[PDB]
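An overview of the molecular structure
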Amino acid sequence: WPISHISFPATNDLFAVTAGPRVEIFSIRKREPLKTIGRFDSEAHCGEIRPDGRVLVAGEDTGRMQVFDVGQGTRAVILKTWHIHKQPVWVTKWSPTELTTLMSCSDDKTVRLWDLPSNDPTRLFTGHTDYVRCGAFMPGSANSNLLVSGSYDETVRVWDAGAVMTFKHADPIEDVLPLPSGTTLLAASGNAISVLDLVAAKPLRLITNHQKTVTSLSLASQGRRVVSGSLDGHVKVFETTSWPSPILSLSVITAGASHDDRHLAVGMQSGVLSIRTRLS
Amino acid sequence: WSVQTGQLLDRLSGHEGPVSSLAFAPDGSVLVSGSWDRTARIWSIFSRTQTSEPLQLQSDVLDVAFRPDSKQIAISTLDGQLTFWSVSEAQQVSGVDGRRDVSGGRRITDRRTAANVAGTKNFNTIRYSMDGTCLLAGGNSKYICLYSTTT
Amino acid sequence: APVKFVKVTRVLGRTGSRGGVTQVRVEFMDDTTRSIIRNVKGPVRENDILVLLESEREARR
Amino acid sequence: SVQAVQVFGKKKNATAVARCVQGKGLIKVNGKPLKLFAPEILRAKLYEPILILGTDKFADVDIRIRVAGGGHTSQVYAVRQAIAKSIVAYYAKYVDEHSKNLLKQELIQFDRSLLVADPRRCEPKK
Amino acid sequence: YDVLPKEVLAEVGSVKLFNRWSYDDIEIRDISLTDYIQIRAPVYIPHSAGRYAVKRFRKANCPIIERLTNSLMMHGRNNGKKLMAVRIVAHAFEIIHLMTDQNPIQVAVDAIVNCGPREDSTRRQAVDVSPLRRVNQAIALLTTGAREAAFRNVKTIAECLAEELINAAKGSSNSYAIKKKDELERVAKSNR
Amino acid sequence: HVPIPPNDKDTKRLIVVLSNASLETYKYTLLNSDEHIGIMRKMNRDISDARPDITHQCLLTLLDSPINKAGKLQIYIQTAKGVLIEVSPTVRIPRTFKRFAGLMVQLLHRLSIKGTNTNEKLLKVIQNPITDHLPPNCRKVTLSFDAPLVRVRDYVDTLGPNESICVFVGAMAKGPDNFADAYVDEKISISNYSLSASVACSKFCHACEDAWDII
RNA sequence: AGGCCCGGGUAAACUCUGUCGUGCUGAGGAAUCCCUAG
C-alpha cells in the first residue's frame, strides 16, 4: 500500500495519509494510530489538520475535497464537501494566518485559494501545465503573505493576492518548502534539490546528494537543519548555511512535540511507516 | 363597581385568602391585589382580556405600593420583608429583609423579650416618595423605616 | 429604495380594520418631527421602532 | 452542637432535601458527587448557583442532597433550588446577616426560581 | 473548587453559553430589532423554566437561543423533545465555530436580523411588519429551512441548521430564510 | 440522466402551470364535448368548457419537448375542483385521448398514478396552493392579452441563472386574467394575434431552448 | 373417579458512547372541523 503524506499542526496528533481511503490519525505520545479515519471514495490525497484545534481537510480521487472536524474520539463528522473540479486534487493546505483559509493544488493547471464557510472559491489561479502537484504558503511577519506552487514538468511559482515570480525548470519538481524566514525557499527535483534566494527574485544554487529522485522535503529539529528524502531509499539532514530506510521512500517528515523534535516519521510505497523516537 | 354607572361591574376571582391590599396603578391599566394566600396578583382589566398574573410570595401580603411611574411595585409581607417587582415583565428586581429594622419592643403584657416578639416585626403600610427613590415603611411598632429603591 | 427608520407614539384604537392589521401613529426618527400613520401587521406597542420603505403612502381602511 | 441546616427544593413532583453543614467544599447528590448526577446536558443548570455565587462561598460547607420523584428535568430544578436555599440558609444562621442579603441579591438578580418555586395552577378564562 | 470540572473552572469568570461563548461583546445590527432580540440577561443553556406565554411581549424578554430551541421542537422534531433541541443547538454552534472561527451567537443574531422581513402583504395591501413579528418570522424561517433541507439527506439538523444560520448571517442568495425574506418583500413591492 | 428532484431548488427551471383546467369525472369518465354534448347543451350551461384535448396536447407537446430531454421542465395542472396535479418529466403517456381520459379518472380516484416499473409515483395530486411547491427563486408570470409586448428570449435573457420561472398558461374555458391574481408577479404578451395554450407553450419552451442553449 | 411430570401450538422515554449507511427496507386530494399555558 502506498504512502503519500504525513503532517502535523503548528497537539498529540500526527496525521498520516496513506494513499487509500483510510487515513490514520496518530498520537505522538504513544506512536499508535489514534483513529483510522477516512471514508473517501477511492484515493485520499495529501491532508493536514489545521493549526488551531483539529479540523482535517483532505482531497479525494475524483476531485471531491472534503473537510471534516476531528476531536479525541471517533468523530468523522463531514463538516462540508467540495466537488468543483473533476480532476484529482493533490494537496490541500491550511493558512497559518487565517483559520478558515485553504489551498487546493490539483492535477489541473489551476490552483485555488479557499475560504471555508462559503461555497465558492475566493481566489482562482491559472498558468501552470497539467498536474501541478505541490504548493505552499509564504508567511510574512510584516510583509504580505504569498503563495508557492511547483508543477509536474514545469516551474515553481510564487505570487501575492498576478505577481507571479516563476523561476525555472530543469527536472520534474516534487518537493518544495519555504523557510520560516519567509524569504528563502527550497524547490527539490529528481537528481537535485535547489535552494532559492527569494529576496530580489534571485536565481538558484543547486545541490545534489541523492542519486535517484527526491520525493519529500522536511525542515527539521531546531528549525535549522533540513532533512531531505528520496526515492533511492535514502534520507539525509542538511545544514542551514553550507547544506537509510530499508526500501524506497515517499513522504518522510519529522514530527516535533512543542519545539523539540520527537520522532522521524518515514513513509514508504510498500506500506510500513518507520517512526523513530530514537535518533542521533 | 363603576362610578359613572352606579352598579357593580365585576367581582374577581383567583385568591385563596382575604385580599389585604389593593392598589391601582397611577397609569390606570393594572390593578394589583395582595392577599393572605401568600400571593399577589396583576389584574389586567381594561383590555378585552381581563387576565391575571400571580406573584407567588413567601408569606401573607400585608401591603402593596406603586412607584409613581407604574413600572415597579413594592409589597410588604408578613415576614417583615419588602420586595420589589417589575410590572411590565413581572419579575422581582429587589428586596429588603427589614425584620430587625422594625422592632419597637416589649409592650406590657409581653412576657417575651423585646427582640423576640413577632408581631412588631412587619410593615403594615408602605409608600413611595413622589420622586420614586425612597420608601416609607411602618408597622405595629415604634420605628418608621425609610428605605431606598436603587441601592 | 433608501431605508427610513421610524418609531411609534399612538396605537389608533377604534380605526384599525381588516383583521390583525394594527394601524399606528408614526413619528420619524432622523428628523424627529414628521409623523405619518402606517399600517402594521403583527404585535406592536408604543415605543416600538418600525422599519418602513418608501413613505409616499397615505392610505387606510 | 454542630452547624447544621436542613433545606428543601421542589418542582412538579421531584422533592429534594439538602443538608448543609460545616465542611470542606463537597456537594454530594444521592451519595454520588454533584458533577456526576443529572445526565450531562443539564449539569450547567446544576452548576448555575455555584458559578453565580463563586466557589469561595462554598469552600467551607458540605451539601448533601437526596432527590426523589419526578423526571430528570424536575430533579435538576429541585437540586439547584436546594443548593441555592442551602447556602442562603447556612449564611442566614451562621455567618453574618449582610452576606445573606448579598447572596439573595445575586440569586434573585439571576432567577427567582432558585429560591421560590412557583407551581403552575390552571387558567379558567373568563 | 466546590465540585466543578476543569472546563467550567477554566471558564468560571463571565457567563458563557455551552460554557464556551460569552455574551459580553455581541451586537445587534438593527435598532428596530435591538430591544426584542435578547442578549441582555445572561443564560447558560437554552433550557430554562420561564413562562413566556402569560401575556404578550414576554417572548421579547426570553433569550433568543431558547427561542431557537423552542422553534426547533416543531413537527419535524416531535414536539415534546427539548433536550434534542438544545443538543442540535450545541452541535450546530460547534459546526458554526469550526466552519467560521467567528462567535456563533453573533452568527445567529446577525442571522436573525438579516432574515426577518420588514414589509409583508396583507392578503393587495402591503404593510410594514412589526419587529416582534420580524424576530418570530426570522426564527421560524431559519428552523423551517433547517428541516426542509435536512429532510431526506444524510446531513443532520445540526449541520443544516448551522449552514442556514451561517449563510443567513451572510445574507447570501443560498439561504432559505433570506430567499423567503426577499420573496415576501418582492411581493410587497409588486403589490403596494 | 436524472431529472429535477423536489430536493432541488438551485437549477434554473421552467415550471409550466396550466391553470383553470377542466378535470371533472362525471357519470365513470371525464366531462368531454364528445358524448356530454347532450347533457351540457340540454342543461344550458356554457358549452364552451369540456376542454381537455388542449391540456392533452400540451402534455404531449411539452412532455415530448427537448426541455423534457434536458429535464428542466416541471408542469402542474390547476383544475376547477381545487385539484392541483404534479406531472412528472419522467412519466410517459399513451398518445390517445381515451386512455388519457380514463387515466385522469383513476388519477382523481386514487389521487396518484404509480410507475409500472419504478417505486416512485409519476402523477401526484398535491396540495393547494402552488407556492408550497414553487422554488423560492421564482418568476410568477402569466400569458395575457391586455399586457404589452414582451419578447421571451429577451425576458428570460433578463432572468439570471439562479432564478427559475413559473409561467401561467390558460387552457381555460373563457375567462379574464383574474384566475391567478393571488400569485401573479408579472403578466406578459408574446404576439398581437390570438394564440392557444399549445402554440403558446411551444413557442415559449422552444424560445427558452434558444435562450438556455439546449442542444 | 383425579392429582402429577415432560413436549406442541421496580416504566416508556431520555443521556452518553461505539458498527452499517436512503437501501417498495415514502405521512395521505378537495374539503370541512377543532384548538391559546402545563
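1. Some remarks on the overall build of chain B
Helix and strand content of chain B: zero helices and 11 strands. Beginning at the N terminus, the succession of helices and strands in chain B can be written as β-β-β-β-β-β-β-β-β-β-β. Here the C-alpha coordinates of chain B stretch approximately 55 × 35 × 30 Å along the principal axes. Contacts in chain B between residues far apart in sequence, at least 24 positions, make up 32% of those at least 6 positions apart.

2. A few points about the protein's contact with RNA strand G
Taken together, the neighbourhood of RNA strand G is formed by 23 residues, with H72 of chain D, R87 of chain E together with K81, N119 and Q127 of chain F sitting nearest. Considering the 4 Å shell around the protein, atoms of RNA strand G inside it are sugar or phosphate in 58% of instances. In this structure, a sugar or linking oxygen belonging to RNA strand G sits 2.9 Å away from a main-chain N or O atom of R121 of chain D. At 2.9 Å from a base oxygen of RNA strand G is found a main-chain nitrogen or oxygen belonging to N153 of chain E. Breaking the surface near RNA strand G down by element, the ones donating at least two residues are α3 (83-100) of chain E together with β7 (121-126) of chain F. Residue composition of the surface near RNA strand G, grouped by class: seven nonpolar, seven polar and nine charged.

3. What to know about the nonpolar core
In this structure, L34, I63, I65, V79 and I87 of chain D together with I37 and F93 of chain E are the most contacted members of the largest nonpolar core, which totals 106 residues. For this core, the element with the highest residue contribution is helix α2 (residues 72-93) of chain D, accounting for 11 residues. Residue contacts for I87 of chain D: discarding those within four places in its chain leaves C20, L53, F58, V61, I63 and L103 of chain D. Among the nonpolar cores identified, the runner-up in size contains 50 residues, and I93, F100, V152 and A171 of chain F belong to it.

4. Considerations on the interface of chain E and chain B
Residue-level contacts link four residues of chain E with seven residues of chain B. Its residues assigned to classes, the side of chain E that touches chain B shows one nonpolar, one polar and two charged.

5. Focus on the sheet that holds strand β15 (residues 156-159) of chain A
Strand pairing in a sheet relies on backbone hydrogen bonds. The paired strands run either parallel or antiparallel. All names here are of chain A. If you trace the three strands from one edge of the open sheet to the other, you get β13-β14-β15, paired in antiparallel fashion. On the outer flanks of this sheet lie β13 (134-138) and β15, each paired with one strand and no other. Neighbouring strand axes in the sheet, compared pairwise and without regard to direction, differ in orientation by 15° on average. Bridging between β13 and strand β14 (residues 146-150) involves five bridges; their strand directions are antiparallel. Bridging from a neighbouring strand, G135 pairs with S149 of β14.

6. Quick look at the packing of α2 of chain D against helix α3 (residues 97-110) of chain D
All names here are of chain D. The geometry of α2 relative to α3 is characterised by a closest axis approach of 8 Å and an angle of 160° between their N-to-C directions. Overall, the two elements α2 and α3 adopt an arrangement that is roughly antiparallel. Crossing of α2 over α3 shows left-handed handedness. Listed contacts from α3 to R80, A84, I87, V88, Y91 and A92 of α2 are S99, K100, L103, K104, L107 and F110. Split by residue class, the contact of α2 with α3 holds eight nonpolar, one polar and three charged.

7. Points about the interface of chain E and chain C
Taken together, the contact pairs 23 residues of chain E with 19 residues of chain C. The greatest single-element share of the side of chain E that touches chain C, amounting to five residues, is contributed by strand β4 (residues 125-129) of chain E. Tallied by class, the residues present in the side of chain E that touches chain C amount to eight nonpolar, five polar and 10 charged. With two bridges joining them, strand β3 (residues 35-41) of chain C and β4 of chain E adopt parallel strand pairing. Of the residues in β4 of chain E, the one forming a bridge with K41 of chain C is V129 of chain E.

8. Structural notes on the side chain of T110 of chain A
All names here are of chain A. Of note, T110 is situated in the loop between β10 (101-106) and β11 (111-115). Polar side-chain contacts of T110 include one of 3.3 Å to the side chain of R112. Excluding anything up to four places from it in sequence, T110 contacts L124, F125, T126 and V132.

9. Notes on the arrangement of the chains
By contact count, the dominant pairing among the seven pairs of chains in contact is that of chains C and E. When C-alpha atoms are compared, chain A and chain F, though not in contact, are closest at a spacing of 13 Å. In this structure chain B stays clear of chain F, and the shortest span between their C-alpha atoms is 33 Å.

10. So, helix α7 (residues 176-191) of chain E
Over its 16 residues, α7 of chain E runs 22 Å from end to end, which matches the ideal 22 Å to within 8%, given 1.5 Å per residue. With its phi angle positive at about 50°, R192 of chain E sits one or two positions after the end of α7 of chain E.

11. With respect to unusual backbone geometry
A cis amide bond links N128 of chain F to the next residue, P129 of chain F, at an omega of -5°. The backbone of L12 of chain C sits at a positive phi, close to 60°, despite the residue not being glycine. Position of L12 of chain C among the secondary structure elements: in the loop between β1 (4-8) and β2 (21-28). Positive phi outside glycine occurs at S48 of chain F, with the angle close to 40°. With respect to the element layout, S48 of chain F can be found in the loop between α1 (37-42) and α2 (53-63).

12. Let's talk about the pairing of β7 of chain F
Regular strands place their side chains on alternate faces of the sheet. Residues and elements named next belong to chain F. Here strand β5 (residues 84-87) pairs with β7 via four bridges, running antiparallel. Looking across to β7, one finds that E86 is bridged to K124. Here strand β6 (residues 112-114) runs beside β7; their pairing, made up of three bridges, is antiparallel. Bridge pairing links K114 to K121 in β7. A loop of six residues connects β6 with β7, the two strands running antiparallel in sequence.

Conventions used here
Residues numbered from 1 in each chain as written, not as in the entry; some residues may be left out. Chains lettered and ligands numbered in written order. Part of a larger assembly, values for the part shown. Heavy atoms only, no water. Residues with missing side-chain atoms left out of burial classes, pairs and counts. Helix = DSSP H or I, 4+ residues; strand = E, 2+ residues; numbered from the N terminus. Contact = heavy atoms within 4.5 Å. Near = heavy atom within 4 Å. Polar contact = N/O pair within 3.5 Å; in protein donor to acceptor, adjacent residues only side chain to side chain. Nonpolar A, V, L, I, M, F, W, Y, C, P; charged D, E, K, R; others polar. Core = buried A, V, L, I, M, F, W, Y, C linked by side-chain atoms within 4.5 Å. Buried < 20%, exposed > 50% of the residue type's maximum accessible area, 1.4 Å probe, protein only. Pairing = 2+ DSSP bridges. Axes fitted to C-alpha atoms, helices over the stretch in contact; angles between N-to-C directions. Parallel < 35°, antiparallel > 145°, perpendicular 65-115°, else oblique. Left-handed = near helix turned anticlockwise from the far one by under 90°. Expected span 1.5 Å × (residues − 1).

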